[PDB]
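# Fold and contact review
Residue strings, one per chain:
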Amino acid sequence: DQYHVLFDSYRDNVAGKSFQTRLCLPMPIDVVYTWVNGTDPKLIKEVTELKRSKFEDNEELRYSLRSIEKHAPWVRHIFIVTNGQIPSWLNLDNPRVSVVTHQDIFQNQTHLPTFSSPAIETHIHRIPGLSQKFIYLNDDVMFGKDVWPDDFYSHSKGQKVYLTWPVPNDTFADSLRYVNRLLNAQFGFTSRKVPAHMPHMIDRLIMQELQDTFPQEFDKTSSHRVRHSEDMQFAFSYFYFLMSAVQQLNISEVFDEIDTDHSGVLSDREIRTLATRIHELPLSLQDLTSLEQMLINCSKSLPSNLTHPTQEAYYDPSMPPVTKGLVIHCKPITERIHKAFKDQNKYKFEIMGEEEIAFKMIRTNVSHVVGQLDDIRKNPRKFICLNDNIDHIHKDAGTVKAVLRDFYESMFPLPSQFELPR
Amino acid sequence: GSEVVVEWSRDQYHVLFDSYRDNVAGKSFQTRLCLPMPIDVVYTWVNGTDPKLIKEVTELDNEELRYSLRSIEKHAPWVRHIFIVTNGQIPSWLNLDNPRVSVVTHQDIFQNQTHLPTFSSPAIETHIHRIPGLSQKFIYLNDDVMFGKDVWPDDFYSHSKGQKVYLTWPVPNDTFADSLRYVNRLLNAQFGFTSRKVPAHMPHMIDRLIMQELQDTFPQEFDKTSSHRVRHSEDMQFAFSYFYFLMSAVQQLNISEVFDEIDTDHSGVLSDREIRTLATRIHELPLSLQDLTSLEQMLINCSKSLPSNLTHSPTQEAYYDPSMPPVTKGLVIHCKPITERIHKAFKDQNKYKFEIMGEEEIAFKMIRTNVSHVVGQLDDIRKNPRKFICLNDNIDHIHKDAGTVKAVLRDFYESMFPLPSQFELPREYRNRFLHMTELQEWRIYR
Ligand SMILES: *[C@@H]1O[C@H](CO)[C@@H](O[C@@H]2O[C@H](CO)[C@@H](O[C@@H]3O[C@H](CO)[C@@H](O)[C@H](O[C@H]4O[C@H](CO)[C@@H](O)[C@H](O)[C@@H]4O)[C@@H]3O)[C@H](O)[C@H]2NC(C)=O)[C@H](O)[C@H]1NC(C)=O
Ligand SMILES: *[C@@H]1O[C@H](CO)[C@@H](O[C@@H]2O[C@H](CO)[C@@H](O[C@@H]3O[C@H](CO)[C@@H](O)[C@H](O)[C@@H]3O)[C@H](O)[C@H]2NC(C)=O)[C@H](O)[C@H]1NC(C)=O
Ligand SMILES: *[C@@H]1O[C@H](CO[C@@H]2O[C@@H](C)[C@@H](O)[C@@H](O)[C@@H]2O)[C@@H](O[C@@H]2O[C@H](CO)[C@@H](O)[C@H](O)[C@H]2NC(C)=O)[C@H](O)[C@H]1NC(C)=O
Ligand SMILES: *[C@@H]1O[C@H](CO[C@@H]2O[C@@H](C)[C@@H](O)[C@@H](O)[C@@H]2O)[C@@H](O)[C@H](O)[C@H]1NC(C)=O
Ligand SMILES: *[C@@H]1O[C@H](CO)[C@@H](O)[C@H](O)[C@H]1NC(C)=O
Ligand SMILES: *[C@@H]1O[C@H](CO)[C@@H](O)[C@H](O)[C@H]1NC(C)=O
Ligand SMILES: *[C@@H]1O[C@H](CO)[C@@H](O)[C@H](O)[C@H]1NC(C)=O
Ligand SMILES: *[C@@H]1O[C@H](CO)[C@@H](O)[C@H](O)[C@H]1NC(C)=O
Ligand SMILES: *[C@@H]1O[C@H](CO)[C@@H](O)[C@H](O)[C@H]1NC(C)=O
Ligand SMILES: [Ca+2]
Ligand SMILES: [Ca+2]
């Protein structure tokens, strides 16, 4: 029927092959939250006891889930990672939402019970059934305008990386120095901006490569049951590993691009294209002859089996059939290719501005808070984060909270399918 | 025994249909998640050796198209159909048995037959959007343009940023500069003055509806371009007009949609909290109580002045001002002082989205007769592949190296695309007639 129409359409091209995976954005895409209820009396008690041995929110999770229904309807499933706690309002009868406990994902149960968000965020990529590319949100992060997968990833330019300038006041600044040193030690020194406070798309395969590259440091982050100065940063480590990981060129794939006839043997014309790849222009005759003599030299030295339909005519009658095996095993040639194309990024990425991110630090100046929120009302942003820095000692703290509620209810007044009928 | 069960198995078509509804909304967003398809390619091709052609002009190559079609098979395999627009001429090598390629004659697309026969590409380019069966978004190439790297529909268009526009700095030598001047005047008069760059020499994606809107905007000038059987200084430039119409066409804001965005509960009446958002949209921040009350008074005055049927309960809405009427959609739309400040606060909005692009992926080379410079130009493409390649023929046949330069090009073409395409007849075979009219008559007679 109409299902047959779509399946036939993507093959309706000169190649007769479907390119739907390239023409369409990656799906599925799941969402992962981490959530905690700080009013839980058992939790408060167990935290302080650990502090001796070594708090109500703004219902951000609720409103963030409304922002998904409104602005990210393409999301498949929503995982809420907790210690076992479940929000009272959560409608777990809805199959689209589920709760994953720290036990379900943590590798060393002795690290649990945990009270460290970086430790949890070390294992959120281990959620069973999680989509290869998922989007991780802190509950204070939400969508303020319609978003699409292309706001996080494109096929041509890879993942989008939203970078901001660090703040010296950040408590994670010690953690940034610890991660910066590990990254400088691994890839060389660079000055690094910090990923913006926003929903982060994470690729499970890349994340595991990052954690396999620094296995002890992620285990050390997981083992700290409270935030530590030597913790690995979720967004900072991932996005800079994505941008720093290098890969060497695959010679056999370089060969195939040169071997435009797909014969498996490089003609003189194709050898020339190889010559331009490893030599500066203009090309000299000797650049070409030296490349030729490298192939002739290598054919004699290399064993016959490694060197391996139609005979090829060469200007030099001494020229052997320039087979793939010969080019790959000819180190003088492969080394100059790698020299010409120095170690290159394994992954594609696109640096982005902060234009679509609206980060506000909510203190207790009521008139300042109304001024901050009125800015979001006037100029909508795709990614909004109202960071709760309210001081309960101050008298106007309750007023500021009522202003946030007024703002949240102005933007997302409709209950979502994840709130119980109530 | 006996018992039956519903089928767990889903064909890959049901798998795809189910996957696109597998989201919190239960709705398919495939049109937004996937690039627009189908996408066709359109060429213009002419054979200069044709004696009938040489005759009609006076009375008034490197087989690049072959290699360009090879570049599509290698680098743009997603293309649905390839239309070749001719005066009637049929390439000898073209395999008209392939249903992917077809030959369209100027008669099929031109509106006034008296303009034909034509010898002006700007005239033909005026009607290529009239091809029957053409995809709404298509890619128009001259035969000298080819793909030198893997290309994809997102190299021309995205859902988020609209069509990509590749602009270059104008060249005073270019012959179309007189045409550029003529078009610039019409554009200045229609959209106001802007300084305008020229679209690069490359494949151009055209939307048939946008192109028709452009030609509906300047109907006499495209008829005048069509009427000129040879290129003229008052000819409309194909790419320059389309892309600057796309970027300049403005759309007036839809006030009811602004209302709907502010009406976040969808109740149809703006609450006080929703009104505050509208106040920030039309006032500079910070928002003073004067700014808010001013908007509150504009709504109060309008409910009195306007007809009661235009101002128009699901829920009782409580306002800070007891004088505040229910702020309905009709009240906000008809209230001139509000909509004026709305339209002032939001500048005139481009009807179409677009993305300005650099020229990095475009490799435009003008081939003269200096062999050394040509080999250097071609070696630059061999060393640094580019998505869009244009090798413009400016070779002088008088020069002795002309035959050599022509041999270097075909060597470069063969080095990049040695495999024959599905659109080429075998080398030994050849279409019997070089004109469609000869082929049409011969098949009626059989
Ligand atoms: C975060 O943790 C806090 C602390 O654990 C938690 O607050 C507690 O919530 C429960 C309900 O979720 C409260 O219990 C209520 O108590 C009142 C009287 O004090 C009762 O009237 C309520 O009864 C209703 O609900 C019952 C259960 O369905 C029904 O059987 C009954 O008929 C009524 O309909 C209810 O039992 C408890 O008092 C608070 N305690 C504190 C200290 O706040 C909070 O819910 C957690 N937040 C989230 C988002 O999960
Ligand atoms: C572009 O146009 C030219 C001219 O129309 C095409 O070449 C011409 O092709 C015709 C048909 O094959 C040739 O006619 C043949 O002539 C030979 C020798 O006179 C004769 O033995 C055959 O029986 C037939 O009559 C014609 O000679 C030839 N002319 C020239 C100058 O080459 C050419 O094929 C066209 N190219 C494309 C790509 O369509
Ligand atoms: C269709 O075109 C004819 C011809 O237009 C002329 O010839 C073209 C090749 C080109 O050179 C044009 O600039 C010419 O104007 C139109 O017939 C002309 O009509 C006008 C107005 O009645 C008259 O002054 C001319 O003498 C006519 N010329 C001829 C050759 O008939 C015709 O009106 C056009 N019709 C439509 C619907 O576009
Ligand atoms: C699992 O963890 C065990 C305990 O490690 C200790 O406790 C944790 C909570 C941290 O405080 C850590 O600093 C302590 O060293 C280890 O003894 C055990 O080896 C770990 N398991 C594995 C397989 O490594
Ligand atoms: C290199 O590419 C070829 C195919 O082009 C593939 O078979 C091979 O596994 C690749 N090798 C590496 C190391 O990626
Ligand atoms: C080839 O081998 C000879 C002898 O070992 C050596 O002198 C020459 O420099 C070599 N050339 C290349 C290109 O490897
Ligand atoms: C913060 O409060 C002070 C008075 O307490 C006021 O002057 C100021 O306007 C407020 N902040 C801003 C940014 O307006
Ligand atoms: C504005 O949008 C509404 C809702 O889709 C529609 O009914 C109305 O015709 C639109 N108005 C204009 C001028 O486009
Ligand atoms: C041809 O080009 C080369 C390289 O740019 C230059 O050195 C040479 O002088 C040119 N010769 C002529 C006749 O233009
Ligand atoms: Ca070969
Ligand atoms: Ca409302």
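Each value, and the rule that gives it
Residues numbered from 1 in each chain as written, not as in the entry; some residues may be left out. Chains lettered and ligands numbered in written order. Heavy atoms only, no water. Core = buried A, V, L, I, M, F, W, Y, C linked by side-chain atoms within 4.5 Å. Buried < 20%, exposed > 50% of the residue type's maximum accessible area, 1.4 Å probe, protein only. Contact = heavy atoms within 4.5 Å. Salt bridge = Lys/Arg side-chain N within 4 Å of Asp/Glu carboxyl O. Helix = DSSP H or I, 4+ residues; strand = E, 2+ residues; numbered from the N terminus. Nonpolar A, V, L, I, M, F, W, Y, C, P; charged D, E, K, R; others polar. Near = heavy atom within 4 Å. Polar contact = N/O pair within 3.5 Å; in protein donor to acceptor, adjacent residues only side chain to side chain. Areas by Shrake-Rupley, 256 points an atom, 1.4 Å probe, with all protein chains shown as cover. Donors = N, O, S within 2.8 Å, 3.2 Å for Na, K, Ca; no water. 1 Å grid on protein atoms, 1.4 Å probe; cavity = no way out; pocket = protein on both sides within 12 Å on 5 of 7 lines; lining within 4 Å. Points joined across faces, edges and corners; volume = space filled by probe spheres on them.

Per the PDB record, this model was obtained through X-ray crystallography at a reported resolution of 2.70 Å.

## Comments concerning the nonpolar core
In this structure, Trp74(A), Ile78(A), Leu69(B), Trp78(B) and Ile82(B) are the most contacted members of the largest nonpolar core, which totals 77 residues. Each residue touching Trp74(A), except ones within four places of it in the same chain, is listed here: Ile29(A), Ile135(A), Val147(A), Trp148(A), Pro149(A), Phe152(A), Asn23(B) and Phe29(B).

## Looking at the interface of chain B and chain A
Tallying the contact residues gives 58 residues for chain B and 55 residues for chain A. Across the contact surface, chain B and chain A share eight salt bridges. Across the pair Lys378(A) and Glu284(B) runs a salt bridge whose closest N-O atoms are separated by 3.1 Å. Contributing elements (two or more residues each) for the side of chain B that touches chain A: α1 (12-20), α2 (30-33), α12 (272-282), α17 (371-383) and α18 (402-416) of chain B. When residues in the side of chain B that touches chain A are grouped by element, the largest group, seven residues, is from α1(B). Taken together, the residues that form the side of chain B that touches chain A break down as 25 nonpolar, 14 polar and 19 charged.

## Points about unusual backbone geometry
Residue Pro113(A) is reached from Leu112(A) by a cis peptide bond, and omega for that bond is 0 degrees. Summarising the element assignment, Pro113(A) is placed in the loop between α5 (102-105) and α6 (117-121). Of the consecutive residues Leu285(B) and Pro286(B), the connecting peptide bond is found in the cis state with omega at 5 degrees. Position of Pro286(B) among the secondary structure elements: in the loop between α12 and α13 (289-305). Although it is not a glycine, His266(B) sits at a positive phi angle of roughly 65 degrees. Along the chain, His266(B) falls in the loop between α11 (255-262) and β11 (269-270). For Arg446(B), which is not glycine, the phi torsion reads 65 degrees and is therefore positive.

## Regarding the site of ligand 4
All names here are of chain A. Taken together, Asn 108, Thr 110, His 111 and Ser 223 are the residues near ligand 4. Measuring from an oxygen atom of ligand 4, one finds a side-chain N or O atom of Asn 108 at 2.4 Å. Out of a free accessible area of 530 Å², ligand 4 has 35% covered by protein chains. Taken together, the residues of the shell around ligand 4 break down into no nonpolar, four polar and no charged.

## Re the coordination of the calcium ion (ligand 11)
Residue and element names in this part refer to chain B. Of the protein atoms, only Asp 263 (OD), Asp 265 (OD), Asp 265 (OD), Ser 267 (OG), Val 269 (O), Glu 274 (OE) and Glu 274 (OE) coordinate the calcium ion (ligand 11), at distances of 2.3 to 2.9 Å. Of note, the donors binding the calcium ion (ligand 11) are all from one chain and are spaced D-x1-D-x1-S-x1-V-x4-E. Under the relative-accessibility criterion, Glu 274 is labelled buried at 3%.

## A few points about the coordination of the calcium ion (ligand 10)
The protein atoms that coordinate the calcium ion (ligand 10) are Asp259(A) (OD), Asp261(A) (OD), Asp261(A) (OD), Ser263(A) (OG), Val265(A) (O), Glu270(A) (OE) and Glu270(A) (OE), at distances spanning 2.2 to 2.9 Å. Taken in chain order, the donor set of the calcium ion (ligand 10) reads D-x1-D-x1-S-x1-V-x4-E.

## Some thoughts on empty space enclosed by the protein
Residue and element names in this part refer to chain B. By volume, the largest cavity is sized at about 60 Å³. In terms of residue count, strand β7 (residues 162-168) provides more of the lining of the largest cavity than any other element does, four residues in total. Split by residue class, the lining of the largest cavity holds eight nonpolar, two polar and one charged.

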